[PDB]
Structure formats: structure tokens, C-alpha cells
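K.L.:
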Ligand SMILES: Cc1cc2nc3c(=O)[nH]c(=O)nc-3n(C[C@H](O)[C@H](O)[C@H](O)COP(=O)(O)O)c2cc1C
Ligand code: SF4
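Chains as they are written, first to last, in the working numbering: chain X, 3 to 58; chain L, 3 to 427.
1. Compute every distance between the C-beta of residue 57/L and the non-hydrogen atoms of ligand 1, then say whether any falls below 7 Å.
2. Can you pull the chain L residues whose beta carbon is under 7 Å from the beta carbon of residue 51/X, in chain order?
3. Just tell me which of 396/L, 85/L, 17/L has its CA closest to the CA of residue 58/L.
4. Does the Cβ of residue 292/L lie closer than 7 Å to at least one heavy atom of ligand 1?
5. Whose C-alpha, out of 203/L, 106/L, 375/L, 220/L, is nearest the C-alpha of residue 49/L?
6. Along the beta strand (DSSP E) that carries residue 224/L, what are the first and last residues, could you check?
7. Assuming residue 38/L contacts residue 112/L (C-beta within less than 8 Å), just tell me the rounded distance between them.
8. Is residue 278/L buried or exposed, if buried means 16 or more other CB atoms sit within 10 Å of its CB?
9. Just to confirm, are residue 1/L and residue 415/L a CB contact at a threshold of 8 Å?
10. Curious, which full-length alpha helix (DSSP H) runs of at least 4 residues does the stretch 373-417 of chain L contain?
11. Which residue marks the beginning of the beta strand (DSSP E) containing residue 249/L, and which one marks its end?
12. Taking 8 Å as the threshold, find out whether the stretch 176-187 of chain L comes into contact with the stretch 128-145 of chain L through three or more Cβ pairs.
13. Look at the Cβ atom of residue 348/L, then the Cβ atom of residue 208/L, and state whether they are nearer than 8 Å.
14. From residue 10/L to residue 29/L, what distance separates their C-alpha atoms?
15. Measure the Cβ-Cβ separation of residue 320/L and residue 289/L and say whether it is below 8 Å.
16. What's the call for residue 15/X, buried or exposed, on a 16-neighbour Cβ count within 10 Å?
17. At a cut-off of 7 Å, is residue 202/L close to ligand 1 when judged by its beta-carbon and the heavy atoms of the ligand?
18. Cβ of residue 39/X less than 8 Å from any chain A Cβ?
19. Which two residues bound the contiguous beta strand (DSSP E) that contains residue 255/L?
20. Since residue 409/L and residue 310/L are thought to touch, with beta carbons under 8 Å apart, how far apart are those beta carbons, to the nearest angstrom?
21. Can you give, in chain order, each stretch of the beta strand (DSSP E) that sits fully within the stretch 294-336 of chain L and has at least 3 residues?
22. Assuming residue 364/L is part of the alpha helix (DSSP H), what are its boundary residues?
23. Are there any heavy atoms of ligand 1 lying less than 7 Å away from the beta-carbon of residue 70/L, as far as the coordinates show?
24. If you measure from the CB of residue 396/L, is any heavy atom of ligand 1 nearer than 7 Å?
25. Could you check where the beta strand (DSSP E) with residue 112/L kicks off and where it finishes?
26. Return yes when at least one heavy atom of ligand 2 lies under 7 Å from the C-beta of residue 287/L, else no.
27. Is residue 343/L buried or exposed, if buried means 16 or more other CB atoms sit within 10 Å of its CB?
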């Protein structure tokens, strides 16, 4: 038998609680193509005035 | 203590009728025989005792400046350079002191001839002035033919002849090294001032560069009393300087007012536009173009002096008035002045040829208002970088007024920036 309902009882019985968190575990919440094009933020520089290398 | 109204006994008087014979009737070349007979210690000593400030747009005192070109012993013959070319836009001293009364400037060349020890004198006029150049040459033609300049000058051993040399539409005749290089034959670019000043090398000769208004004070100090020019004005600043009232005014006129005169009374004496300092938004410039714009809060209290104006963060050097109205745009006007510096920068110092030209392109964005609020704060640092590191003082002159857009202003700049950004986006 390959039916999940009866098998899930066996794997839970034989040492420790299972059911959730599978071996494969790549079904839901796996985002393909990452995200829409983002904008990377700038640090303490980039913005002009008082950006001398004498201070840095 | 306060500055007198106009002064009845003024140095400049030629405005109505003077040609050649009229100069003798007015009060010129009167004690020319006595002044030439007197030694260099008596001539330069009288100028040092009077304490006449520099009439040109520099601020440097004349008393010390003439002393360097005394020349105890020299191989090369000494020359005299008189820069009569028009300075900053607003200052119209060149058009008035040369076209109306030319003999007053010619008297200074003879008085400064024996004092400096000059073999030949040069009068440098701007290329734009051709009608003024025709009057200046004709007065020199009448002077040479009479027998007062050349060979025997007023019964003295020193022989000095004045020669007029016309330029060609250049602002880079301002600096002492710039006017010397322009007459030399090479391109109109100023030599380095720290190693070789005016007294070291000018047309291969130890010379001295002086303004036409500064040269006009020399016969006034010699013929008339030295105390007469010294008493009128302030303790530090002395001598009646011709301040021309121009800009947004109902009656623009050049007046020969005394030193340390209040700006509120100066506009009232020449009749201004809307008001002396109440109705119109007061953004009047204490100088020609070099000086930063003075606010409405500090204008009536401040006096138009050579030293006192610099203490109020607005150093007046060119000695001219440029008043602005409430209706006229402040940002658009000064952006044109920076564009004037873009056309008239020589092109040597990289913080000026690639600095002021870059400053104009950023300022062109400020008129339309397509700039960030952070760009105002940045531009103030660039103007500080230009001011200190240049050959000539044009780099200074294109740095001071743009700093005047940061000081006292900025709500005017932010409102132009925020409204244009919201409308476009
Ligand atoms: C932007 C600028 C423009 C100037 N233009 C002139 C000019 O056209 N004629 C002049 O005689 N002096 C001019 N000067 C003053 C010069 O520094 C001059 O070579 C010298 O200092 C005049 O000396 P004096 O004031 O003792 O006569 C100018 C200065 C600056 C900063
Ligand atoms: S400051 Fe500008 S105009 Fe003056 S010498 Fe340098 S490049 Fe030329």
C-alpha cells in the first residue's frame, strides 16, 4: 500500500512524533524567481554634503 | 562722526562741460609745476599719511601698495600701469571718469610718475569703450602738444609719456597680473601672484597696477589738502568713492558720495524704486557682482564702507549698488551672474574652468526646481572649495555671491524646489 493515511500512523508509531516536517519538505512557501525587482539601500555616504574622506 | 550728505567740496566735478581748455578753468593742473618739482618722499609720503583705500575691487590699501614699487636700484626701467577697464556689472566708474573728465586721470599719471619712478605710463581701456577711447586719446593729444608730458614735464628731469592701449571685450583684465599679461602680447590669463607680484614682473619690468578711480585720487591729494580727503568718512576707510545706484530703481544714477554712508539714506538720496527698504523685498548687493546679496533684516543698519561692510558678512569691494525688487526673481538673477562668470572665466585653474562652469549647470536646475533638498546644503561646500584655491580673485568672485544664496535665504530655495517636484511628479 502507498496510501498516506495508513502509512502516517506507522511512521508516528515507530520512535518519535513525525507527521509534520517531511523528508522532502519543498511543497509550500518555496518562492520561485525570488521577488519583484528591489531597490538596494545606500549607507552613510551617497547623500551629499559633509562626505569628506578627511573625516572617514 | 556720521557721513556727510554728498559733500560740497568733491574730488570729481567734470560732468557738465569740459574738453581741454575747460580743465584749466575748473581746477586741474594748477599745482602741477610744484608737485613735479617735489621729491618722491614728499609725494608718496603724503599718500601714506592720508590713508587712501583701494578704489578697485580688491580691498587692499594703496599706502602700502605704492611703497613696493619705489625701486631703489633696478636694471630694467620701471613702468606705470593704469587699469581703466570696467569691472563687475553694476560698477559704471569707467564710463563716467574717462568720457566726461579725462584730464583728472591724466594728472595722476604725472603725479605718480616721479613718485613711482616710471619711464613710461600705460592707460588700459576696455575694447567695448570706443567712444570713451576717442575722448581719452584726444585729451592725450592736447596734453602732448602743449608741452606738459614727455621730454620736459612741468620743469623736471623725469620724462613720462602716457599711451592708450585698447583691449578686446575681456573681463580678465581685472587682476594685477591679468592686465599685465594682456598688454604683454600673450593670451589674457593671469600669472601666479604669490612668487612674482606686480613689483617683480610686468611686461619684463617692475610695475604697479592701479584703478582709474584710485589714480584720480592722487592729484586730489597733491593739489588740495591731504586732511580734506582723510577727514571725510570713517576712521579705517577714507576717501570719497563713487557708488553707482543701479538695478530695480525708478531713477538709476551714479553719485559721488562720502565713505561709510548708510544704505537706507543712499537709496533715498538717489531716489529708488518702490521703497528704500520697506515695500520691495530687499536683496540689494553692496558690491558690483563679487559681493554676496544683503538681506532685508541687515541693510538699513549696515553702512557702505570699505572695512565695515566686511564685518557684516558682505564685503563690498567694487563699490556699486544693485537693488532687487519683490516682483523680480532672486534665484534667476544670480544664476545669470554665475553664467556671466562662466563666459568670463579664463580657463587655467580647474576649480574655476571645471568648477564655476559646473556651478552654473547645477544653478540652472535650481531655477526650474528639479533638484533635491540636499543639493542646497552640498553646493555651499563646493563654493568653499573654489574660494581658497585659485590663481586670480575671479574664483573668489564666483564663490561669495552663491554663498549669499545659502545664508539668510533657503526658504526661498526650498519653496521653489518642493512646488516644482510635486507638480512634475
Ligand atoms: C572680479 C574682480 C574684477 C576686478 N576688476 C578690475 C578692473 O576692471 N579694473 C581695475 O582697475 N581693478 C579691478 N580689480 C581690482 C584688482 O585686484 C586690481 O588689479 C588692483 O588690486 C587694483 O588696485 P588699487 O585698488 O590699489 O587701484 C578687480 C578685482 C576683482 C576681484
Ligand atoms: S580663477 Fe578662473 S579666471 Fe582666475 S586665473 Fe584661475 S581659471 Fe582663470
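Virtual Cβ for every residue (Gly too), placed ideally from N, Cα, C.
P.N.:
Checking against the coordinates, here is how it stands:
1. yes
2. 376, 379, 380, 383
3. 85/L
4. yes
5. 220/L
6. Careful: residue 224/L lies outside any beta strand (DSSP E), inside the alpha helix (DSSP H) at 214-225.
7. 7 Å
8. buried
9. As displayed, chain L neither begins before 3 nor continues past 427, which places residue 1/L out of reach and without an answer.
10. 376-390, 396-399, 402-405
11. 245-249
12. no
13. no
14. 15 Å
15. yes
16. exposed
17. no
18. Reference to chain A is not applicable here, since the protein chains of this structure are X and L.
19. 255-257
20. Contact doesn't hold; Cβ gap of about 18 Å is too wide.
21. 322-325
22. 358-370
23. no
24. yes
25. Here residue 112/L belongs to no beta strand (DSSP E); instead the alpha helix (DSSP H) covers 105-118.
26. no
27. buried
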